[PDB]
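Next comes work.tsv, a file with TSV, C-alpha atoms (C1' of nucleotides).
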chain	number	residue	atom	x	y	z
W	1	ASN	CA	177.76	207.07	-138.30
W	2	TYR	CA	174.23	208.46	-138.04
W	3	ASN	CA	173.96	211.13	-140.73
W	4	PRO	CA	170.76	213.25	-140.80
W	5	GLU	CA	171.99	215.12	-143.90
W	6	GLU	CA	170.71	212.20	-145.97
W	7	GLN	CA	167.12	213.39	-146.33
W	8	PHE	CA	164.04	211.67	-147.78
W	9	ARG	CA	160.52	213.07	-148.11
W	10	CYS	CA	158.22	210.35	-146.77
W	11	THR	CA	154.62	211.52	-146.98
W	12	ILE	CA	151.25	210.54	-145.60
W	13	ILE	CA	147.88	211.44	-147.13
W	14	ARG	CA	147.04	215.14	-146.77
W	15	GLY	CA	144.29	215.72	-144.20
W	16	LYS	CA	140.81	217.04	-144.91
W	17	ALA	CA	139.00	216.66	-141.58
W	18	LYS	CA	141.13	218.22	-138.83
W	19	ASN	CA	139.08	221.40	-138.32
W	20	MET	CA	135.60	219.87	-138.04
W	21	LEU	CA	136.71	216.42	-136.85
W	22	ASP	CA	134.07	216.23	-134.12
W	23	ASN	CA	131.42	216.35	-136.85
W	24	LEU	CA	133.12	214.69	-139.81
W	25	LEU	CA	134.44	211.61	-138.00
W	26	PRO	CA	131.01	210.72	-136.60
W	27	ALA	CA	129.63	211.60	-140.05
W	28	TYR	CA	132.08	209.23	-141.76
W	29	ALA	CA	131.25	206.36	-139.40
W	30	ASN	CA	127.47	206.82	-139.37
W	31	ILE	CA	127.31	207.14	-143.16
W	32	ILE	CA	129.41	204.00	-143.64
W	33	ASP	CA	127.52	202.02	-140.99
W	34	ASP	CA	124.14	202.96	-142.46
W	35	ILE	CA	124.71	202.33	-146.17
W	36	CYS	CA	126.91	199.23	-145.84
W	37	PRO	CA	127.00	196.43	-146.79
W	38	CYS	CA	126.42	197.41	-150.43
W	39	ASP	CA	128.14	197.25	-153.82
W	40	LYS	CA	130.66	199.90	-154.87
W	41	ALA	CA	128.24	201.65	-157.25
W	42	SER	CA	125.67	202.37	-154.54
W	43	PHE	CA	128.44	203.28	-152.09
W	44	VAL	CA	129.77	206.14	-154.22
W	45	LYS	CA	126.42	207.91	-154.60
W	46	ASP	CA	125.05	207.25	-151.11
W	47	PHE	CA	128.27	208.33	-149.39
W	48	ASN	CA	128.65	211.60	-151.29
W	49	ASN	CA	125.00	212.68	-151.06
W	50	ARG	CA	124.97	212.12	-147.30
W	51	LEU	CA	128.37	213.80	-146.93
W	52	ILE	CA	127.46	216.83	-149.05
W	53	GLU	CA	124.91	217.70	-146.36
W	54	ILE	CA	127.79	218.23	-143.93
W	55	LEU	CA	130.46	219.81	-146.15
W	56	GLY	CA	128.03	222.05	-148.03
W	57	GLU	CA	126.03	222.35	-151.24
W	58	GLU	CA	128.82	224.18	-153.07
W	59	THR	CA	131.14	221.20	-152.58
W	60	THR	CA	132.42	219.71	-155.84
W	61	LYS	CA	132.03	215.99	-156.57
W	62	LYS	CA	135.81	215.62	-156.82
W	63	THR	CA	136.19	216.85	-153.24
W	64	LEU	CA	133.46	214.46	-152.10
W	65	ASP	CA	135.23	211.60	-153.87
W	66	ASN	CA	138.52	212.63	-152.27
W	67	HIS	CA	137.04	212.48	-148.77
W	68	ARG	CA	135.70	209.00	-149.50
W	69	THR	CA	138.86	207.41	-150.92
W	70	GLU	CA	141.64	209.32	-149.15
W	71	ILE	CA	140.34	209.95	-145.63
W	72	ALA	CA	137.49	207.59	-144.74
W	73	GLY	CA	138.99	204.95	-147.02
W	74	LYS	CA	142.76	204.96	-146.67
W	75	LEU	CA	144.03	207.32	-143.96
W	76	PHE	CA	141.40	206.46	-141.36
W	77	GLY	CA	140.70	202.96	-142.67
W	78	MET	CA	136.98	203.04	-141.95
W	79	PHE	CA	135.91	200.51	-144.58
W	80	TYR	CA	137.17	197.88	-147.02
W	81	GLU	CA	136.13	195.98	-150.15
W	82	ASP	CA	135.69	192.25	-150.76
W	83	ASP	CA	134.22	190.83	-153.98
W	84	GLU	CA	132.64	194.16	-154.98
W	85	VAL	CA	131.01	194.49	-151.55
W	86	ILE	CA	131.99	197.33	-149.22
W	87	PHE	CA	131.79	196.62	-145.48
W	88	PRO	CA	132.41	198.81	-142.43
W	89	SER	CA	135.87	198.13	-140.99
W	90	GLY	CA	136.71	196.83	-137.53
W	91	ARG	CA	137.95	200.23	-136.41
W	92	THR	CA	134.64	201.82	-137.40
W	93	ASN	CA	132.60	199.14	-135.62
W	94	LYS	CA	134.54	199.70	-132.39
W	95	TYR	CA	134.21	203.49	-132.69
W	96	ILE	CA	130.47	203.10	-133.32
W	97	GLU	CA	130.14	201.16	-130.06
W	98	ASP	CA	132.36	203.10	-127.62
W	99	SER	CA	132.65	206.56	-129.23
W	100	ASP	CA	136.30	206.57	-128.15
W	101	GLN	CA	138.07	209.03	-130.46
W	102	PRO	CA	141.46	208.86	-128.73
W	103	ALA	CA	141.36	205.05	-129.00
W	104	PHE	CA	140.40	205.49	-132.65
W	105	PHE	CA	143.60	207.39	-133.43
W	106	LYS	CA	145.68	205.42	-130.92
W	107	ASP	CA	144.90	202.40	-133.09
W	108	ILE	CA	145.86	204.36	-136.20
W	109	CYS	CA	149.23	205.26	-134.68
W	110	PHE	CA	149.93	201.72	-133.47
W	111	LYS	CA	149.43	200.28	-136.95
W	112	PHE	CA	150.75	203.05	-139.21
W	113	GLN	CA	153.97	202.13	-140.99
W	114	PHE	CA	156.25	202.85	-143.94
W	115	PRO	CA	155.77	201.63	-146.56
W	116	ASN	CA	151.97	201.30	-146.66
W	117	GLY	CA	149.03	200.71	-148.99
W	118	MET	CA	147.69	204.26	-148.86
W	119	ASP	CA	150.08	205.66	-151.47
W	120	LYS	CA	149.75	205.16	-155.21
W	121	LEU	CA	151.81	202.26	-156.58
W	122	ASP	CA	154.08	204.95	-158.02
W	123	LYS	CA	155.12	206.30	-154.62
W	124	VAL	CA	155.04	202.83	-153.05
W	125	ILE	CA	157.80	201.77	-155.45
W	126	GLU	CA	160.11	204.56	-154.28
W	127	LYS	CA	159.32	203.69	-150.66
W	128	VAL	CA	160.34	200.07	-151.27
W	129	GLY	CA	163.23	201.13	-153.49
W	130	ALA	CA	164.87	203.02	-150.63
W	131	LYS	CA	164.60	200.00	-148.29
W	132	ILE	CA	162.23	201.98	-146.08
W	133	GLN	CA	160.69	200.09	-143.17
W	134	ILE	CA	159.57	201.66	-139.88
W	135	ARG	CA	156.75	202.07	-137.35
W	136	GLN	CA	157.23	205.81	-137.06
W	137	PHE	CA	154.87	206.46	-134.13
W	138	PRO	CA	156.47	203.93	-131.79
W	139	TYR	CA	159.75	205.49	-132.92
W	140	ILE	CA	158.55	209.05	-132.30
W	141	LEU	CA	157.46	208.12	-128.78
W	142	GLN	CA	160.72	206.32	-127.96
W	143	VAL	CA	162.65	209.36	-129.17
W	144	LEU	CA	160.57	211.64	-126.94
W	145	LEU	CA	161.16	209.38	-123.93
W	146	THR	CA	164.90	209.40	-124.65
W	147	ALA	CA	164.83	213.19	-124.95
W	148	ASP	CA	163.35	213.54	-121.47
W	149	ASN	CA	165.85	211.03	-120.09
W	150	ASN	CA	168.57	213.33	-121.41
W	151	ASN	CA	166.84	216.43	-120.04
W	152	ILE	CA	166.06	218.06	-123.39
W	153	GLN	CA	162.89	219.23	-125.16
W	154	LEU	CA	162.27	218.55	-128.84
W	155	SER	CA	160.51	220.81	-131.32
W	156	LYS	CA	158.49	220.07	-134.45
W	157	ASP	CA	161.56	220.93	-136.53
W	158	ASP	CA	163.68	218.46	-134.54
W	159	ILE	CA	161.11	215.73	-135.19
W	160	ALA	CA	160.85	216.78	-138.83
W	161	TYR	CA	164.52	216.85	-139.80
W	162	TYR	CA	166.01	214.21	-137.51
W	163	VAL	CA	163.20	211.63	-137.66
W	164	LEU	CA	160.35	211.94	-140.16
W	165	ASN	CA	162.55	213.24	-142.99
W	166	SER	CA	165.75	211.41	-142.09
W	167	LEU	CA	166.46	208.62	-144.58
W	168	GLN	CA	168.47	206.42	-142.20
W	169	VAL	CA	165.81	206.72	-139.49
W	170	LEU	CA	163.02	205.79	-141.91
W	171	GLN	CA	165.09	202.75	-142.90
W	172	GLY	CA	165.15	201.57	-139.28
W	173	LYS	CA	168.94	201.89	-139.20
W	174	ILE	CA	169.23	204.33	-136.30
W	175	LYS	CA	168.63	203.95	-132.57
W	176	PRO	CA	166.72	206.82	-130.87
W	177	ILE	CA	169.69	207.37	-128.54
W	178	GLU	CA	171.84	208.09	-131.60
W	179	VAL	CA	169.30	210.68	-132.74
W	180	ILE	CA	169.20	212.44	-129.36
W	181	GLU	CA	173.00	212.48	-129.06
W	182	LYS	CA	173.20	214.01	-132.54
W	183	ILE	CA	170.69	216.71	-131.57
W	184	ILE	CA	172.52	217.62	-128.34
W	185	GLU	CA	175.75	217.88	-130.35
W	186	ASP	CA	174.28	220.16	-133.02
W	187	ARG	CA	172.85	222.46	-130.35
W	188	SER	CA	176.27	222.80	-128.70
W	189	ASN	CA	177.59	223.96	-132.07
W	190	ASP	CA	174.67	226.40	-132.35
W	191	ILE	CA	172.99	224.50	-135.19
W	192	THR	CA	169.24	224.50	-135.83
W	193	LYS	CA	167.96	222.19	-138.57
W	194	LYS	CA	164.74	222.52	-140.58
W	195	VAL	CA	163.08	220.61	-143.41
W	196	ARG	CA	162.94	222.88	-146.45
W	197	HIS	CA	162.88	222.34	-150.22
W	198	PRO	CA	164.11	225.05	-152.65
W	199	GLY	CA	161.23	226.40	-154.72
W	200	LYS	CA	158.58	224.73	-152.58
W	201	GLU	CA	156.25	226.02	-149.85
W	202	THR	CA	156.03	224.83	-146.24
W	203	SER	CA	153.08	222.57	-147.09
W	204	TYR	CA	155.27	220.45	-149.37
W	205	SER	CA	157.96	220.00	-146.73
W	206	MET	CA	156.12	220.07	-143.40
W	207	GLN	CA	152.37	219.45	-143.72
W	208	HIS	CA	152.64	215.65	-143.72
W	209	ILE	CA	155.08	215.82	-140.81
W	210	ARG	CA	152.91	218.18	-138.76
W	211	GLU	CA	149.77	216.14	-139.43
W	212	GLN	CA	151.49	212.90	-138.43
W	213	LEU	CA	152.09	214.57	-135.07
W	214	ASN	CA	148.46	215.76	-135.09
W	215	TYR	CA	147.18	212.17	-135.09
W	216	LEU	CA	149.59	211.32	-132.28
W	217	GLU	CA	148.04	214.26	-130.43
W	218	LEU	CA	144.51	213.07	-131.26
W	219	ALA	CA	145.57	209.73	-129.81
W	220	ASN	CA	146.09	211.79	-126.64
W	221	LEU	CA	149.67	210.54	-126.36
W	222	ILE	CA	151.44	213.86	-126.94
W	223	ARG	CA	150.72	217.58	-126.95
W	224	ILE	CA	151.80	220.27	-129.41
W	225	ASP	CA	152.57	223.34	-127.30
W	226	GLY	CA	153.43	226.10	-129.76
W	227	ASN	CA	156.54	224.80	-131.49
W	228	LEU	CA	157.38	222.21	-128.83
W	229	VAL	CA	156.43	218.53	-128.80
W	230	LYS	CA	155.67	217.09	-125.36
W	231	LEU	CA	154.47	213.70	-124.13
W	232	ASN	CA	151.16	213.42	-122.33
W	233	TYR	CA	152.37	211.69	-119.17
W	234	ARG	CA	148.77	211.14	-118.06
W	235	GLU	CA	148.79	208.50	-120.81
W	236	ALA	CA	152.27	207.20	-119.98
W	237	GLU	CA	151.01	203.63	-119.63
W	238	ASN	CA	149.98	203.61	-123.30
W	239	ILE	CA	153.08	205.55	-124.36
W	240	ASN	CA	155.46	202.91	-122.98
W	241	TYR	CA	153.56	199.99	-124.50
W	242	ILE	CA	153.51	201.49	-127.99
W	243	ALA	CA	157.09	202.77	-127.74
W	244	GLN	CA	158.33	199.18	-127.28
W	245	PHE	CA	157.97	198.51	-131.00
W	246	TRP	CA	160.32	201.28	-132.16
W	247	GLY	CA	162.91	198.74	-133.28
W	248	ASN	CA	160.36	196.31	-134.66
W	249	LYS	CA	160.09	195.87	-138.42
W	250	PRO	CA	156.64	196.80	-139.84
W	251	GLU	CA	154.05	194.07	-139.15
W	252	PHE	CA	152.91	194.40	-142.76
W	253	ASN	CA	155.71	193.20	-145.04
W	254	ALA	CA	155.58	195.26	-148.23
W	255	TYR	CA	158.76	193.54	-149.41
W	256	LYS	CA	157.09	190.30	-150.51
W	257	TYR	CA	155.01	191.74	-153.35
W	258	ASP	CA	156.03	191.88	-157.00
W	259	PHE	CA	154.89	195.21	-158.45
W	260	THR	CA	155.86	194.04	-161.94
W	261	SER	CA	152.83	191.76	-161.61
W	262	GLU	CA	149.13	192.52	-161.24
W	263	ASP	CA	148.27	189.58	-159.00
W	264	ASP	CA	150.45	190.95	-156.21
W	265	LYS	CA	149.71	194.57	-157.13
W	266	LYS	CA	146.01	193.89	-156.53
W	267	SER	CA	146.52	191.88	-153.35
W	268	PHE	CA	148.96	194.45	-151.95
W	269	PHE	CA	146.28	197.11	-151.47
W	270	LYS	CA	143.76	194.49	-150.35
W	271	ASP	CA	146.05	192.99	-147.71
W	272	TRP	CA	147.07	196.39	-146.35
W	273	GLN	CA	143.45	197.40	-145.84
W	274	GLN	CA	142.76	194.17	-143.97
W	275	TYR	CA	145.74	194.78	-141.68
W	276	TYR	CA	145.14	198.49	-141.14
W	277	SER	CA	141.34	198.71	-141.02
W	278	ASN	CA	140.82	195.49	-139.05
Q	1	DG	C1'	146.08	210.51	-171.75
Q	2	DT	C1'	140.40	207.34	-161.48
Q	3	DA	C1'	142.74	208.41	-156.87
Q	4	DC	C1'	146.26	209.73	-154.18
Q	5	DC	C1'	149.47	213.81	-155.00
Q	6	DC	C1'	150.12	218.38	-154.04
Q	7	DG	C1'	149.85	223.53	-155.85
Q	8	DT	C1'	147.43	227.18	-154.21
Q	9	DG	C1'	145.59	230.58	-151.00
Q	10	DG	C1'	142.48	231.94	-147.20
Q	11	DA	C1'	143.22	232.20	-142.35
Z	1	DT	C1'	152.66	227.76	-140.99
Z	2	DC	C1'	148.15	225.26	-140.34
Z	3	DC	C1'	144.84	223.14	-143.26
Z	4	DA	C1'	141.86	221.54	-147.14
Z	5	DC	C1'	139.56	222.54	-151.95
Z	6	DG	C1'	140.17	220.68	-156.21
Z	7	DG	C1'	143.09	220.72	-160.10
Z	8	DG	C1'	147.64	218.02	-161.11
Z	9	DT	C1'	149.61	213.85	-162.17
Z	10	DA	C1'	151.05	208.89	-163.42
Z	11	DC	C1'	148.01	202.89	-162.67
Can you turn what I pasted into structure tokens?
Amino acid sequence: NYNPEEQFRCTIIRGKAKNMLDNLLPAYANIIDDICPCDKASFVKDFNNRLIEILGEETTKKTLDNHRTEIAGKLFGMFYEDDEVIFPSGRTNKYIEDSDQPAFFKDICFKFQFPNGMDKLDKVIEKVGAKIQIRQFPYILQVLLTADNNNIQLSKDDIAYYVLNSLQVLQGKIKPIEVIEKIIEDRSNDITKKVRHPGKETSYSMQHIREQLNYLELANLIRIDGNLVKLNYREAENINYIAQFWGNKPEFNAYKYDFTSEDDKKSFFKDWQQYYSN
DNA sequence: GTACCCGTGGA
DNA sequence: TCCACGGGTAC
């Protein structure tokens, strides 16, 4: 009954800090911790002017704004806003104190879900319209554990097509054992699947899938060896704990908000930030 | 008519 | 075949 042919492009925010993460992530945190608490007006100027010193003088304001709202704001959840006052988030405060970067992204993986409050309301509607609800990273880990238990190795393409771009999987309809069995079957029929969209480049189809795996790698839970995806068994204790929630519905219920309203539409993005950043 | 979305291109 | 600037787009 599990049919991977039903595909759905479910994206996360495009990354901007993978290359120089060891500088940018401390930069993000230290900038936020220093200038906050403060109103939104002061935050915009103070953040960008301090950040421009790291990214460069030739950096456009739009790029600086994008770093602030997409990465430090939404994807990493390093701050939040309450009554026009921007505070450093709980994840930032912990990172400031222990400097634990794997635990920073381990927390990101444990709480990341579909749908979420990172997307525009436009894309959120399509997420909720397709009855999408999943904790993908617990699911990814459980799939990897099941793969090893069946003596097979998964690639990035296997993860892409059969999990992170599979509609039924993203709806929480499919058990990981069903996915693995389907993969073993396709291989016996000499079938290799890939995520590709006609008239689009690899970035459109794969960048958000690769980068999702990147953060799982930064959490030190897996390793990307060429084209293969392997668990870090030195962190097996954390792998098994997180993997438990593969069949658990998202802890943040995005199916209780009316997006025809503006009361819920405003609280939706506020409540997500509270859940994700704290 | 901002703010994530994503085309584009260096690497 | 990553990865991120900054224009593209719909709140």
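Residues in contact with residue 7 in chain Z at up to 12 Å, not including ones fewer than 2 positions away on its chain and judged by only C-alpha atoms (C1' of nucleotides), are residues 60, 62 and 63 of chain W; 5, 6, 7 and 8 of chain Q; 5 and 9 of chain Z.
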- Item | Pick from W:156, W:67, W:210, W:223, whichever lies nearest to residue 6 in chain Z using all atoms listed in the file | W:67
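Minimum distance to chain Z across W:204, W:233, W:76, W:246 (counting all atoms listed in the file) occurs at W:204.
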Residues of chain W within 8 Å of chain Q, counting all atoms listed in the file, what are they? List them as a PDB file with C-alpha atoms, keeping the file's coordinate frame.
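What ended up in result22.pdb:
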ATOM      1  CA  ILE W  13     147.880 211.440-147.130  1.00  0.00           C
ATOM      2  CA  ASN W  66     138.520 212.630-152.270  1.00  0.00           C
ATOM      3  CA  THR W  69     138.860 207.410-150.920  1.00  0.00           C
ATOM      4  CA  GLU W  70     141.640 209.320-149.150  1.00  0.00           C
ATOM      5  CA  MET W 118     147.690 204.260-148.860  1.00  0.00           C
ATOM      6  CA  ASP W 119     150.080 205.660-151.470  1.00  0.00           C
ATOM      7  CA  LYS W 120     149.750 205.160-155.210  1.00  0.00           C
ATOM      8  CA  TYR W 204     155.270 220.450-149.370  1.00  0.00           C
TER       9      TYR W 204
END
- When the cut-off is 12 Å and we count all atoms listed in the file, which residues of chain W are near chain Z, given as an MDAnalysis selection string? chainID W and resid 13:20 55 58:67 71 119:124 156 201:211 214 226:227 259:260 262 265:266
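You will find CA of residue 179 in chain W at 20.9 Å from CA of residue 109 in chain W.
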- Please, which residues are within 7 Å of (173.6, 203.6, -135.5) by the file's coordinates, counting only C-alpha atoms (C1' of nucleotides), and could they come as JSON, numbers by chain? {"W": [1, 2, 173, 174, 175, 178]}
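One finds CA of residue 108 in chain W at 7.7 Å from CA of residue 276 in chain W.
Coordinates place CA of residue 28 in chain W at a distance of 18.6 Å from CA of residue 274 in chain W.
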Expected file content for chain Q, C-alpha atoms (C1' of nucleotides), as an mmCIF file, in the first residue's frame:
data_model
loop_
_atom_site.group_PDB
_atom_site.id
_atom_site.type_symbol
_atom_site.label_atom_id
_atom_site.label_comp_id
_atom_site.auth_asym_id
_atom_site.auth_seq_id
_atom_site.Cartn_x
_atom_site.Cartn_y
_atom_site.Cartn_z
ATOM 1 C "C1'" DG Q 1 2.082 45.778 -5.929
ATOM 2 C "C1'" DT Q 2 8.575 42.946 3.950
ATOM 3 C "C1'" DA Q 3 10.405 38.017 4.446
ATOM 4 C "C1'" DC Q 4 10.737 33.548 3.296
ATOM 5 C "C1'" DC Q 5 11.173 31.585 -1.558
ATOM 6 C "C1'" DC Q 6 14.279 30.214 -4.831
ATOM 7 C "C1'" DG Q 7 16.802 31.392 -9.538
ATOM 8 C "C1'" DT Q 8 21.361 31.802 -10.485
ATOM 9 C "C1'" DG Q 9 26.265 30.735 -10.709
ATOM 10 C "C1'" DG Q 10 30.857 30.280 -8.558
ATOM 11 C "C1'" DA Q 11 33.175 26.383 -6.665
#
